[PDB]
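Student: Please see the structure below; I have some questions.
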Amino acid sequence: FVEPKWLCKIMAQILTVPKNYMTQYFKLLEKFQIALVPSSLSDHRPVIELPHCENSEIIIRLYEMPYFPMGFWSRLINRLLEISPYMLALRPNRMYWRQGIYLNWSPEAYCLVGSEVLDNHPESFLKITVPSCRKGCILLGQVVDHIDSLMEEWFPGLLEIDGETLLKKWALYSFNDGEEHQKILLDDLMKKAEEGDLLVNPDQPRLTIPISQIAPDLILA
Amino acid sequence: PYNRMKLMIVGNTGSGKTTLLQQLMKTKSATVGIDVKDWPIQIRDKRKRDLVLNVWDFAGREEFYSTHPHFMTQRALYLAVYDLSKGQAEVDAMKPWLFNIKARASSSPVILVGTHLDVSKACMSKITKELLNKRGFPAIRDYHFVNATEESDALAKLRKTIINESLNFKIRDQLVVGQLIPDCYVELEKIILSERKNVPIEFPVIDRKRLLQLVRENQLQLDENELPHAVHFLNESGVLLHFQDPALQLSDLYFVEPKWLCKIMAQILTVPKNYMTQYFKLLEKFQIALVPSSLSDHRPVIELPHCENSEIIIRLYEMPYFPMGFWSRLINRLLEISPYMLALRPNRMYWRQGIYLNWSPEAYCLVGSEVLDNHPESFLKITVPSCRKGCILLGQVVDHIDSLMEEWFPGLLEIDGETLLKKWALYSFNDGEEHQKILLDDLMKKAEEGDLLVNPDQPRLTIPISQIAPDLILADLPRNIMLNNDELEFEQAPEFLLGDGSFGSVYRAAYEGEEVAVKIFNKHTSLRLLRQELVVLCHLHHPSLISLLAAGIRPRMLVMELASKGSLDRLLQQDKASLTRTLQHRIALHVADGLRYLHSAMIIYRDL
Ligand SMILES: Nc1nc2c(ncn2[C@@H]2O[C@H](COP(=O)(O)OP(=O)(O)O)[C@@H](O)[C@H]2O)c(=O)[nH]1
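Structure representation (structure tokens):
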């Protein structure tokens, strides 16, 4: 491509609306993240009543950052497009919007990534919900690896240590027996340093939780 | 004579209703709820029939539309005001309302009223006289171009027309305005009207004990067993509202002064510590609770697992518009009450016009409005996988929708015959690879039950009617049950082979070499009753309940095991000596075991 302003203008032409290069046109249209148009995806979370409530049947992980980078969700959705299967086959149900994916195989083999906003917190979050079963652990591993790879490849400044690091990965655990609520949130690096044992324990050590059912990407689960 | 009738003032937002009403009753702010009132018309003619219309000034704004179909009845006259100012398009903007008057109250008059005559476009009578007269619409009987905010010969003629058109109602020559009632009913109405004043304004509700105390404290001779009929009749006339249904805990509370109830319930759609639970119960009864309205109206992209025309089953439902609270009642009805198995909670993704329950990549179900090109009508496409669990889901969903239509919107099924609701079934002779599923009206396919296949002009192609409409052929049930008609040896016509006299239409036949008792459920009725009985019977499996052998569509029949010694009643009549103490005990034990198993499945065997 010589004279790049023409390429850039032509590629951005369709976001407001040579018979040989149609296929190359579509290929580089996907390379610019224009193709299913990832932009204009209604921006509105559709109500989703997951099969599994109960703090002892789902695994949550957050991803905190001051704002989502510009083309973050587009590249993420494109990256997660059926490239994260529970098994090693079956095509899953998928319900995209501008800030989420929600692949869903079965009532025990689903995965919902998607922005979730909290009260009294101007930051942005990327809560990931996943069932506690084996297939769930597999999905959580794949999703976390894809996100981490995207961050390291496109937005390096979000990982540069000065140290708030501008990206604090949380892991939501609930000592509260699953019945009670308000999952205590623990920074991921602290739990990594808590790999010496295989459990987490509160001030009252009668309670305990295995680190597998909190962050099964650290312990090889 | 009961001189009381409901006048309902329907219309769109901003068009003059409360101002027209203030000038109709000469009674010299956006409506919230339905704003009930009542004005008495003292007719000065020789027939000085002092009638009392109770008006219902319906709110035009859309957010309240979910609760309006609860307050649209037959024994009522309708107005329909439509703001002449924005002419030629405000008439085409109130066609939904007229279609809804048609669906809910199919035989009630409608007096079109064009307000805003001061500003401007009176040639809107053209579209009124061409498109709005008889093409699927609720029998318009007068049309006035009136002003509001001032009385004149226009409003005078409009008021006189309301009076006349009220008195001459005559549903099947009945003259609603002057029918007869037991005098105790009007006495009860007068004591209720007096109780309207002596009740706290913050809570006008009255208690069933307070009503009993009131009817006893005066000379009203209404017995306790008579009160339901009376209070329900006063309910129909819009005096007091009440809900005798025991599913709710409200039957002890009788809503007097209904305008307060309606306003209070619609209060939360714009935003007494004892009745919090009852509050929520009747909030769900009005379809307010998860708020089914304000559900973002935007279909979220859904990439189903299964493309390919030979792996999904489609069914449409065509109608000119969706009725007012249609999708709300439907979503509420489909709320996990349609499981693939007979357990597991499925994933659910609601929006304002869809549900999409989803168990597995082969056990999903997506109901939801789908709009087509070059078709102003509305559709209710239902997608479902072709497997067994899919067939089960399609059966349940179709039955729920059909039930809702027959219960709430009867006018959408009344045959004149376009019928205003044409259920399609999408089949694809195109081998599944190719596309453009040929659409076949369901009734035509029902008449194609003589065979078990559909065949095109080129009969080399064929499709089994199971993989098109498995609710007609008995495939939606578990445990495929058709009776292999080659092995049945039934003879219907002779009374020779009646199972016995007065067992219904149960006959005797020999199926697969053994004698069986075959009930002929065939009649003018549809497969509703047969499929209901087959669903109930298909999963019982107890040694003290009659076992199901087969079922057939040609004709509609049931095949069950044959009890050789007949019913117990005949034994008690004919051979009393055959019963001994051991046999009597065994019969009692077996019937007790049967009832025990039924109650273990939460089923009530009505009479025994
Ligand atoms: N000039 C004029 N104004 C009208 C007429 N009818 C209604 N309006 C205006 O329309 C408004 C009526 O609002 P309303 O119908 O009560 O709203 P609704 O309760 O939602 O139906 C008032 O502000 C009136 O001034 C009319 O015939 N002539």
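Those protein sequence lines, which keep their order, are chains A and B.
Take the first sequence: its letters are residues 1597 to 1613, 1642 to 1659, 1668 to 1720, 1726 to 1799, 1804 to 1862, numbered as in full-length UniProt numbering.
Take the second sequence: its letters are residues 1331 to 1358, 1366 to 1457, 1463 to 1613, 1642 to 1659, 1668 to 1720, 1726 to 1799, 1804 to 1995, numbered as in full-length UniProt numbering.
C-beta: ideal position from N, C-alpha, C; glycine also.
1) What residues in its chain sit with their C-beta under 8 Å from that of residue 1712(A), if we drop five residues either side in the sequence?
2) Show which residues of chain A have a CB atom less than 7 Å away from the CB atom of residue 1814(B).
3) Ligand 1 and residue 1347(B): does the residue's C-beta get closer than 7 Å to at least one heavy atom of that ligand?
4) Please look up how many angstroms separate the CB atoms of residue 1869(B) and residue 1937(B), rounded, as I've assumed it's under 8 Å.
5) Thinking C-beta only, is residue 1331(B) closer than 8 Å to residue 1522(B)?
6) Taking the alpha carbon of residue 1807(A) as the point to measure from, which residue in 1730(A), 1695(A) and 1776(A) has its own alpha carbon closest?
7) Using CA atoms only, rank isn't needed, just tell me which of 1416(B), 1451(B) and 1423(B) is closest to residue 1445(B).
8) Should residue 2007(B) and residue 1489(B) be called a contact, given that it needs their Cβ atoms to be closer than 8 Å?
9) Spatial neighbours of residue 1541(B) within its chain, please: CB distance less than 7 Å, with the 5 preceding and 5 following residues excluded, ordered by chain position.
10) Which residues does DSSP pair with residue 1811(A) in a beta bridge?
11) Could you work out which residue in 1372(B), 1420(B) and 1915(B) is closest to residue 1451(B) when comparing CA atoms only?
12) Are there any heavy atoms of ligand 1 lying less than 7 Å away from the beta-carbon of residue 1455(B), as far as the coordinates show?
13) Is there contact here, the segment 1786 to 1798 of chain A with the segment 1814 to 1821 of chain A, by at least three beta-carbon pairs under 8 Å?
14) Does residue 1733(B) come within less than 8 Å of chain A when only Cβ atoms are used?
15) If you measure from the beta carbon of residue 1727(A) to each beta carbon in chain B, is any gap under 8 Å?
16) For residue 1585(B), which residues from the same chain have a beta carbon less than 6 Å from its beta carbon, with the 5 sequence-adjacent residues on both sides left out?
17) At a threshold of 7 Å, does residue 1404(B) count as lining ligand 1 (C-beta to nearest heavy atom)?
18) So which of 1610(A), 1760(A), 1604(A) and 1862(A) has the shortest CA-CA distance to residue 1669(A)?
19) What residues in its chain sit with their C-beta under 8 Å from that of residue 1833(A), if we drop five residues either side in the sequence?
20) Distance, Cα to Cα, residue 1707(A) vs residue 1653(A)?
21) Does the separation of the CB atoms of residue 1470(B) and residue 1449(B) fall below 8 Å?
22) Please report the straight-line C-alpha distance between residue 1822(B) and residue 1852(B), rounded to a whole angstrom.
23) In three-state DSSP terms, what is residue 1670(B)?
24) From the beta carbon of residue 1741(B), is the nearest beta carbon of chain A less than 8 Å away?
25) Can you check whether the CB of residue 1407(B) is closer than 8 Å to the CB of residue 1656(B)?
26) Between the alpha carbons of residue 1389(B) and residue 1991(B), how many angstroms are there, rounded?
27) Measuring only from the beta carbon, is residue 1490(B) closer than 7 Å to any heavy atom that is part of ligand 1?
28) State yes or no: is the beta carbon of residue 1676(B) nearer than 8 Å to at least one beta carbon in chain A?
29) Any C-beta of chain A sitting closer than 8 Å to the C-beta of residue 1681(B)?
30) Under the criterion of a Cβ to heavy atom distance below 7 Å, does residue 1417(B) qualify as lining ligand 1?
31) Roughly how many whole angstroms lie between the Cα atoms of residue 1364(B) and residue 1837(B)?
32) Would you kindly report the start and end of the unbroken beta strand (DSSP E) that includes residue 1341(B)?
33) Within the 8 Å Cβ cut-off, does residue 1673(A) reach chain B?
34) What in chain B is Cβ-close to residue 1670(A), meaning under 8 Å?
35) Is there at least one Cβ from chain B nearer than 8 Å to residue 1744(A)'s Cβ?
36) To be precise: take each residue of the segment 1746 to 1775 of chain B, compare its Cβ to all Cβ atoms of chain A, and keep it if any distance is under 8 Å. Which residues remain?
Tutor: Straight from the coordinates:
1) Position 80 of the first sequence, counting from 1, holds the residue named residue 1712(A). The residues are 1738, 1740, 1750, 1780 and 1783.
2) As a position in the second sequence, residue 1814(B) is number 427, starting the count at 1. Simply none; closest approach about 24 Å.
3) As a working mapping, residue 1347(B) is identified with position 17 in the second sequence. The answer is yes for residue 1347(B).
4) Walking along the second sequence from the start, residue 1869(B) turns up at place 482. Walking along the second sequence from the start, residue 1937(B) turns up at place 550. Residue 1869(B) to residue 1937(B), Cβ: 7 Å. Contact.
5) Translated into positions along the second sequence, residue 1522(B) becomes position 180. Translated into positions along the second sequence, residue 1331(B) becomes position 1. Yes, the Cβ-Cβ distance between residue 1522(B) and residue 1331(B) is below 8 Å.
6) The residue given as residue 1807(A) occupies position 166 in the first sequence. For the residues 1730(A), 1695(A) and 1776(A), the minimum Cα distance to residue 1807(A) belongs to 1695(A).
7) Within the second sequence, residue 1445(B) is the residue found at index 108, counting from 1. It is 1416(B) whose Cα lies nearest to the Cα of residue 1445(B).
8) Since the displayed chain B opens at 1331 and closes at 1995, residue 2007(B) lies outside it and no answer follows.
9) Start at 1 with the first residue of the second sequence, and residue 1541(B) comes out as number 199. These residues qualify, in order along the chain: 1548 and 1598.
10) As a first step, residue 1811(A) must be located in the first sequence, where it is residue number 170. The partner list for residue 1811(A) (beta bridge, DSSP) reads 1828(A).
11) By one-based count along the second sequence, residue 1451(B) stands at place 114. It is 1420(B).
12) Taking the second sequence and counting its residues from 1, the one referred to as residue 1455(B) is at position 118. Under cutoff, so the answer is yes.
13) no
14) Against the second sequence, residue 1733(B) aligns to sequence position 350. It does; some Cβ of chain A falls within 8 Å.
15) Within the first sequence, residue 1727(A) is the residue found at index 90, counting from 1. Chain B contact via Cβ: present.
16) Taking the first residue of the second sequence as 1, we reach residue 1585(B) at position 243. Cβ within range, chain order: 1592.
17) Sequence index remark: in the second sequence, residue 1404(B) carries index 67 (1-based). Not under cutoff, so the answer is no.
18) Position 37 of the first sequence, counting from 1, holds the residue named residue 1669(A). Of 1610(A), 1760(A), 1604(A) and 1862(A), the residue nearest in Cα terms is 1610(A).
19) Here residue 1833(A) is taken as the residue at index 192 of the first sequence, counted from 1. 1859, listed in sequence order.
20) By 1-based counting over the first sequence, the position of residue 1707(A) is 75. By 1-based counting over the first sequence, the position of residue 1653(A) is 29. Near 13 Å, if we compare the C-alpha coordinates of residue 1653(A) and residue 1707(A).
21) Taking the first residue of the second sequence as position 1, residue 1470(B) is located at position 128. Taking the first residue of the second sequence as position 1, residue 1449(B) is located at position 112. Against a cut-off of 8 Å, the Cβ pair of residue 1449(B) and residue 1470(B) comes out as a contact.
22) Working through the second sequence from its first residue, we reach residue 1822(B) at position 435. Working through the second sequence from its first residue, we reach residue 1852(B) at position 465. Their backbone Cα atoms lie some 18 Å apart in a straight line.
23) Here residue 1670(B) corresponds to residue number 292 of the second sequence, with the count starting at 1. It is coil, neither helix nor strand.
24) Walking along the second sequence from the start, residue 1741(B) turns up at place 358. Output row for residue 1741(B): interface = yes.
25) Residue mapping note: residue 1656(B) aligns to position 286 of the second sequence, counting from 1. Residue mapping note: residue 1407(B) aligns to position 70 of the second sequence, counting from 1. For residue 1656(B) and residue 1407(B), yes; Cβs fall inside 8 Å.
26) On the second sequence, position 52 is the one that residue 1389(B) refers to. On the second sequence, position 604 is the one that residue 1991(B) refers to. Going from the Cα of residue 1389(B) to the Cα of residue 1991(B) covers about 46 Å.
27) The sequence position of residue 1490(B) within the second sequence is 148, counting from 1. Correct: residue 1490(B) has its Cβ closer than 7 Å to ligand 1.
28) Residue numbering aside, residue 1676(B) sits at position 298 when the second sequence is read from its first letter. Interface residue, yes.
29) Translated into the one-based positions of the second sequence, residue 1681(B) becomes position 303. True, the Cβ-Cβ gap to chain A drops below 8 Å.
30) As a first step, residue 1417(B) must be located in the second sequence, where it is residue number 80. Residue 1417(B): no, Cβ never under 7 Å from ligand 1.
31) Residue 1364(B) cannot be located in this model; chain B continues from 1358 straight on to 1366.
32) Position 11 of the second sequence, counting from 1, holds the residue named residue 1341(B). Run containing residue 1341(B): 1334 to 1341, per the beta strand (DSSP E) assignment.
33) Taking the first residue of the first sequence as 1, we reach residue 1673(A) at position 41. At least one chain B Cβ lies under 8 Å of residue 1673(A).
34) Position 38 of the first sequence, counted from the start, is the residue given in the question as residue 1670(A). Within 8 Å Cβ-Cβ: nothing; residue 1670(A) doesn't reach chain B, min ~10 Å.
35) For the purposes of this step, residue 1744(A) is taken as residue 107 along the first sequence, with counting starting at 1. It does: the Cβ of residue 1744(A) has a partner Cβ on chain B nearer than 8 Å.
36) 1747
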